[PDB]
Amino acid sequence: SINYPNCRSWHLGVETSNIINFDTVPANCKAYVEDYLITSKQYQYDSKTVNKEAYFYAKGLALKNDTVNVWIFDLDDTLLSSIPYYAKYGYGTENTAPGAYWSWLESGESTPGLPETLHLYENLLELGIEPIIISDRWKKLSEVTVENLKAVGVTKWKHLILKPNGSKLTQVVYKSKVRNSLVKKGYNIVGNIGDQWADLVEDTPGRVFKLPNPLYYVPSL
């Protein structure tokens, strides 16, 4: 229905949540997305600036020794990249069947790490902030997820939380349930990083950081 004559303008719209609920990347934006994500290195530069901002904030906090100080991480497209998968399917311009990405993950296919986020993850551990990784992947994918994290140098976390098999919950509601259970256990959430605004609903404490993602959209509240 809406034409997006300028692909950079569309992309800013999606990053700011001015444009929501897109099922696919606009066809005319395929080359922009590929060039953004790979050739131009703008995705890398954008990612580095976000992670650096998170770190400068994190290293200014006065952490108390008597509480569990935590930082929430998303997994897909925050720590691990789905780019090799999307690259085969037209960088988000094509429809993909639900469950297909998961099947791909089950096939022995590893995902590359996102090194700017991995640097942040390592920095937070050094500051004594405890990462909690919350993922919408089904619990059946636990072993393959742990293997992939190990392959990118992530082996320590306070919790790695996956979604109950065949859960009926939307991603936004499931992640809100998890964060609220964390608060309830007395954890002090100081920050939250993810590539979807759905990951970053401000219903629990901590500063939020939105990693770029032009490939796809997860509905929010």
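The first residue of the shown sequence is 1; numbering continues from there.
- Across the two stretches, 164 to 172 and 56 to 64, the PDB entry reports the greater mean Cα temperature factor for 164 to 172.
- Per the PDB record, of the two stretches 94 to 102 and 123 to 131, 94 to 102 carries the greater mean B-factor over its C-alpha atoms.
- The PDB entry gives the largest Cα B-factor of the residues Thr39, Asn192, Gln196, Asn51 to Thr39.
- In the deposited entry, the Cα temperature factor of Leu182 places it in the middle third of its chain's modelled residues.
- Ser47: CA B factor in the lowest third of modelled residues in this chain (values from the PDB entry).
- In the PDB entry, a CA B factor belonging to the lowest third of its chain's modelled residues is recorded for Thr78.
- In this PDB entry, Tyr85 carries a Cα temperature factor that places it within the middle third of its chain's modelled residues.
- For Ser9, the recorded CA temperature factor ranks within the middle third of the chain's modelled residues.
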